[PDB]
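This document starts with one chain, in the form solved without ligand KYA, laid out as structure tokens.
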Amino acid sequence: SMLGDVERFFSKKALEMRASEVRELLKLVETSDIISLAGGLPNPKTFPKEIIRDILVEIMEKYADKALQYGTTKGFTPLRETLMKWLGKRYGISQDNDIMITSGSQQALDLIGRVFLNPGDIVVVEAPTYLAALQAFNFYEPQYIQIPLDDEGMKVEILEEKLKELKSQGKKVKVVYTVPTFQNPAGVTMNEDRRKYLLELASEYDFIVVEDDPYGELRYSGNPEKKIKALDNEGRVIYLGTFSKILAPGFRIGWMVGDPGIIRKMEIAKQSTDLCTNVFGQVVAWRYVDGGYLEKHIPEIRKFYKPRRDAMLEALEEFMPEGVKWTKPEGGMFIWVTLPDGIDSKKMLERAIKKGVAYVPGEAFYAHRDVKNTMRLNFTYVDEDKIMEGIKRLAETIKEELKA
């Protein structure tokens, strides 16, 4: 810096901000020939480019002034209306909720932090959870309580235990943040009974639930779950959806659905952070949903990713040594691996990279960074054939790591 101790200008929060060492390494790995299973991106082969092209022409012919001008903070009305119609028909989400357009669900999470969190307020997350949600919330200084998952998602029973123990300390949780379907990073889905149990606790202990659902349409097997938001009679759930994996992430459009009191506050908070979400992408998304193209395209995304999931699950079963375990997602973009004998997968990544494969070490996904034997693998954006070869390389890395 020219200033040169530029830190003398920084806020207390800025002084605690740091770039991820791991994320920097992984940026590098992506530009090389290593087989990376570390990505979190959807595959551009799933972007509906011809429908997008037709929609762009349509906008310049018919909607140019609306797409080009500033928008309201709350969002482009036709997109808000078409999304609530979609959500009600498809999922049985109630129309008495309100809806705000966001600049991605990342912006929803930042705004949830601004609107709800005072320093020291308690947020419950799953262990593991979505690392960007921890990043969003961390700016607001919450305390976290972590609730492990199993193959049926959040162990809501341990959440009841922890809520009782907090209550005995005179304390309460303010927000439970859940990614309950095809989790990033775990790949598992909260079952129906647990969704209902979470909501009874939400009532009994008076907290807000944030349900982040980027992947529910990327279902490859099994039957659709009920959204927590569709079971929400009290209006305690804030539901987040996004176009990132069902259209493309390049337009940075998502939506937040919830109690109108909560939405109204979110709108005022948003106004000062970005004025409005880009209206041009909102008009594109509106034509995409309202024109029926989202509905028609969803099966093409599923057809593309399913065999990639299945190839990875096949390779793990054939190559992984005993004592390695992994989740079996019915949808989404990730499979989550648990390593035996105390291997530290952060320490192992150096060995894996040397053997030609990368993954994201699981530690980063725990609020308390306190579990070390887990890894996130992605199947959406490796070259297919490279899924088999990448899983072999990782299996051999684990074999050698296991040798003292």
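The numbering used is simple: start at 1 and walk along the sequence shown. Just so we're on the same page, rigid core means the largest C-alpha set that superposes within 1.5 Å between forms.
Kindly name the stretch, out of 391-399 and 19-27, whose CA atoms are displaced more from this form in 5 other deposited structures of this protein after the core superposition?
Once the core is superposed, the stretch further away in 5 other deposited structures of this protein is 19-27.
So, looking at the entry's B-factor column for Cα atoms, which has the higher mean, 195-203 or 99-107?
Between 195-203 and 99-107, it is 195-203.
Once you work out the mean C-alpha B-factor for both 285-293 and 164-172 from the entry, which is higher?
Stretch with the greater average CA B-factor: 164-172.
Out of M84, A186, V324, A269, which residue has the highest Cα temperature factor in the PDB record?
Going by the entry's C-alpha B-factors, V324 comes out highest.
Per the entry's values, where does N43 land by CA temperature factor relative to the rest of its chain, in the lowest, middle or highest third?
According to the entry, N43 has a C-alpha B-factor in the chain's middle third.
Just say lowest, middle or highest third for the CA B-factor of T129 relative to the other modelled residues in its chain.
For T129, whose C-alpha B-factor we compare with every modelled residue in the chain, the answer is the lowest third.
Within this chain's modelled residues, let me know which third the CA B factor of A364 belongs to: lowest, middle or highest.
For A364, the deposited C-alpha B-factor lands in the highest third.
What third of the chain, by the recorded C-alpha B-factor, contains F116?
Middle third by C-alpha B-factor.
Could you look up the Cα B-factor of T178 in the entry and say which third of the chain it sits in: lowest, middle or highest?
Lowest third of the chain for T178's C-alpha B-factor.
Missing here is the form deposited with ligand KYA bound; even so, the following discussion is about that form.
Just give me the single entry in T77, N278, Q146, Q135 that has a non-hydrogen atom within 4.5 angstroms of ligand KYA in the bound PDB entry.
It is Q135 that has a heavy atom within 4.5 Å of the partner.
Using a 4.5 Å cut on heavy atoms, which of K49, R369, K354, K62 is close to ligand KYA in the bound PDB entry?
Among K49, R369, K354, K62, a heavy atom within 4.5 Å of ligand KYA in the bound PDB entry occurs only for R369.
At the 4.5 Å heavy atom threshold, is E58 in contact with ligand KYA in the bound PDB entry?
Although ligand KYA is absent here, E58 would stay clear of it in the bound PDB entry, with no heavy atoms inside 4.5 Å.
Using the partner position in the bound PDB entry, report whether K13 sits within 4.5 Å of ligand KYA, counting heavy atoms only.
Although ligand KYA is absent here, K13 would stay clear of it in the bound PDB entry, with no heavy atoms inside 4.5 Å.
Considering only heavy atoms, tell me if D54 and ligand KYA come within 4.5 Å of each other in the bound PDB entry.
Because no heavy atom of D54 falls inside 4.5 Å of ligand KYA in the bound PDB entry, the answer is no.
Wondering, does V360 line up within 4.5 Å of ligand KYA in the bound PDB entry on heavy atoms?
Result yes; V360 sits at the interface with ligand KYA in the bound PDB entry.
Only one of these stretches, 323-331, 281-289, 197-205, 127-135, has heavy atoms within 4.5 Å of ligand KYA in the bound PDB entry; which one is it?
Going by heavy atoms within 4.5 Å, the stretch is 127-135.
Which residues from 5-24 come close to ligand KYA in the bound PDB entry, meaning a heavy atom within 4.5 Å?
Contacting residues: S20, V22, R23.
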